[PDB]
Structures are given as C-alpha cells and as structure tokens.
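Chains as they are written, first to last, in the numbering used here: chain S, 268 to 310; chain R, 4 to 165; chain C, 317 to 413.
Worksheet: the structure to be examined is printed underneath.
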Amino acid sequence: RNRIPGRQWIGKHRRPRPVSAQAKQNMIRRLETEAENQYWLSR
Amino acid sequence: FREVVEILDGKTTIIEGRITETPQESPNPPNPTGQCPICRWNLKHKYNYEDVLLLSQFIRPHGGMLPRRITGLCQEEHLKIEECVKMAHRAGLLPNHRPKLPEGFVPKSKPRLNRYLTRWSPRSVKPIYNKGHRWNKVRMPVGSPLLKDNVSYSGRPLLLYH
Amino acid sequence: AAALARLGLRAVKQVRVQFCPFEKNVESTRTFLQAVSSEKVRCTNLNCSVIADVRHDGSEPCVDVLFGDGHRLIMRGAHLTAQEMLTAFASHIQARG
Ligand SMILES: [Zn+2]
Numbered sequence: 268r269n270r271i272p273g274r275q276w277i278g279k280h281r282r283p284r285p286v287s288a289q290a291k292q293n294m295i296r297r298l299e300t301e302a303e304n305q306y307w308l309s310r
Numbered sequence: 004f005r006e007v008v009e010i011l012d013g014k015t016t017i018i019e020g021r022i023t024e025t026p027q028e029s030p031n032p033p034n035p036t037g038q039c040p041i042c043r044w045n046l047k048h049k050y051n052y053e054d055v056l057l058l059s060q061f062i063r064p065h066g067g068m069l070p071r072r073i074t075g076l077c078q079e080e081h082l083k084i085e086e087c088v089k090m091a092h093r094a095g096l097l098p099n100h101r102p103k104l105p106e107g108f109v110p111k112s113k114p115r116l117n118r119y120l121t122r123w124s125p126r127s128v129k130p131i132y133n134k135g136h137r138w139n140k141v142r143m144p145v146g147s148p149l150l151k152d153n154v155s156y157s158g159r160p161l162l163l164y165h
Numbered sequence: 317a318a319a320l321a322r323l324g325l326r327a328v329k330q331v332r333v334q335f336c337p338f339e340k341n342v343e344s345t346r347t348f349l350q351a352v353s354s355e356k357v358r359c360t361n362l363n364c365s366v367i368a369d370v371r372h373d374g375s376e377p378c379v380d381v382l383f384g385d386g387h388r389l390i391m392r393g394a395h396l397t398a399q400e401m402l403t404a405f406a407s408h409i410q411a412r413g
C-alpha cells in the first residue's frame, strides 16, 4: 500500500533508508584510525 | 493548608478561614546551596513516573497539579513533574486523589485497562490503520521526551517510539 | 470588580464592612472594599448603601451584607483570600433571589 516508484535504490525517488548508531560507530572508529595514521606519517 | 469552613444557620451564611498545620521541610538537604526544591534534594534526572512519594508532594487533595509560584520549581522541572503526574494518574496510581462522587462508584465499566507510561490522553488517540512498510512507519509514542534526560544505568538510551 | 458588576447588583439592601487597618492581615478585606466601591457596581443599584466602618481597637476584619430575599451574609475575614470573598459573594447574592 506504500510503493517506491521505479527501482528501489536508483532514481530520483528512492527508499528513504536512515543512518544508524552502528554506522556512526563504524565511521568514527575508521576516522580515529586515520588520524593516528597521519600523526605517524608526519615526521 | 487553609480550610474554608461554611455554615447555614437561621438564613445566614457564615464563611470563615481555618489554618491547619503544614509540615516543615526536612532538616538537612544534601545540596543546601541549591536553588530549586528538586535540586537541593539532589533528585534531578532521577525521579520517574513510578516514584509516587515524590510526585504526591506536589498536587491537590482532589488530584490536580499544584501551581509553580507556590512550589517554586525550576521551570524545566515543573513541566517534567506535570508529565510525570499525568502518566502516574493514567497508570492507576494515586487512587486516593481522584475526586469523590457517590454516583460514580455505581456505574460498572469493563475494569480499567492497565496501562503505564502513557503520553497522550485515552480519548484523543486515533487507531492507526495504516502502519506502513519498513521505510515509512507510523510510531506509537511511549513516555514523554521531557524525561529523556534521566540517568541510564544500562548505558542504553531509552526508546521513545514504538 | 467586573465579576460583581456584570451580575446586576440591584438585589442588595445594605453592605457594611468593618475592618481594623493596622493588623498585618488586612489586605483581602480592603481589596474587597475597593471592588465594592467601584463605579459600575454602585451604579447598578441606587438602593444599596455601602458603609465603611473602621476601628483601630477591634482587630477583626468582617464583612456583612443584606439582600432582598431576606438573606444576611456574614463573612469573617481572617485568612480568607481576596478573590474568594468576591467569588462566594457572587454565587450567594446573585444566584439567590
Ligand atoms: Zn533546579
């Protein structure tokens, strides 16, 4: 009774899918790794 | 507590003031420096709708919310105590503070549906017929967002909507 | 004094207010007086006489009213709130008659 016109993930109307707390965790973990990376890449 | 006494005698109506004894505040508050009654007793971000002993200290004999100028609560805490008190009423606690009408305990109704943490009033809610799929969902509110600042011992933040 | 003057005060015979000004608790009765002493209230009934009696020694604020159904209303000011007196006054002196 609710449709997602066309294909789910492609067009100008997409499925709304939300960001989650898990995803935020992962993103931040990976950032922290990069920060530590360029500290050691500096000198 | 000021009781107002009234008499009808010999076609004369007599009205008179009467002062009973109010309890003085407890001897030694943990945060004497503190401003608002919740805070010096160190109860901020702690009480929930479940704590009756705390809520009852602000309300009226017939069940309504007490005014703020008399209580003197930090505005934040006043709205919180309102929502808490309403949830407490709808949760069928404080059965003493319902107003007393004799005709009222006559009319049998299907025994009160036990509910708790109810945000809205029973009347105004409309049954949600449409749900909706994984991506757009209608959510049923539980508890009030005013209480979102309470301490979490689980470390896990509360679910306001389901 | 709106709530009183809106109710058509014409049904009153005599209003006497006895009070003792130097007592710390006076305000309410005084407030009541000034709501009786309003222009519109007094303009409704020209048959109603308002007498203000002041006593230093008495120590008891009191308000007495008479109205046409043969009712004598005595309210004893001690701890009574200002708006309460005007409130009970409206339901007693208007709804009755
Ligand atoms: Zn406070």
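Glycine is no exception: its CB is placed at the ideal position from the N, C-alpha and C atoms.
Using a Cβ-Cβ cut-off of 9 Å, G135(R) counts as an interface residue toward chain S, since at least one Cβ of chain S sits closer than that to its own. Taken from the Cβ of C42(R), at least one heavy atom of ligand 1 lies inside 8 Å.
Residue pairing by DSSP puts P144(R) in a beta bridge opposite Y164(R).
With a beta-carbon spacing of about 7 Å, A404(C) and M391(C) fall inside the 8 Å limit used to define contacts.
When C-beta distances to chain C are compared with 7 Å, the residues of the segment 16-41 of chain R below that value are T16, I17, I18, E19, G20 and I22, in chain order. A straight line joining the alpha-carbon of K134(R) with that of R268(S) spans about 10 Å. Around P283(S), the beta-carbon contacts reaching into chain R at under 8 Å are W138 and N139. Taken through DSSP and simplified to helix, strand or coil, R322(C) comes out as coil. Distances from the CB of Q38(R) to the heavy atoms of ligand 1 include at least one below 8 Å.
Within the segment 363-396 of chain C, the residues whose Cβ lies closer than 7 Å to any Cβ of chain R are, in chain order, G386, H387, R388, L389, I390, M391, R392, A394, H395 and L396. When Cβ-Cβ separations below 9 Å define contact, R310(S) makes no contact with chain R.
For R296(S), no Cβ of chain R is located within less than 9 Å of the residue's own Cβ. In this structure, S353(C) and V366(C) form a Cβ contact; the two beta carbons are roughly 7 Å apart against a cut-off of 8 Å. Under the Cβ criterion of 9 Å, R5(R) is counted among the residues facing chain C. For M294(S), the enclosing alpha helix (DSSP H) covers residues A288 to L308. Cβ neighbours of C39(R) within its own chain (closer than 8 Å, five residues either side excluded): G75, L76, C77 and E80. By the rule that beta-carbons nearer than 9 Å mark a contact, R268(S) touches chain R.
Runs of the alpha helix (DSSP H) spanning 4 or more residues and lying entirely within the segment 338-404 of chain C occur at 343-352 and 355-360, in chain order. Judged by their CB atoms, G146(R) and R122(R) are nearer to each other than the 9 Å cut-off.
A heavy atom of ligand 1 is found nearer than 8 Å to the CB of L76(R). One Cα belongs to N51(R), the other to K340(C), and the distance between them is close to 42 Å. Here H65(R) has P102 as same chain residues with Cβ atoms under 6 Å from its own Cβ, once five neighbours each way along the sequence are excluded. In the displayed model, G107(R) falls within a helix according to three-state DSSP. The Cβ of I271(S) sits closer than 9 Å to at least one Cβ of chain R. The secondary-structure analysis by DSSP pairs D54(R) with nothing; it has no beta-bridge partner.
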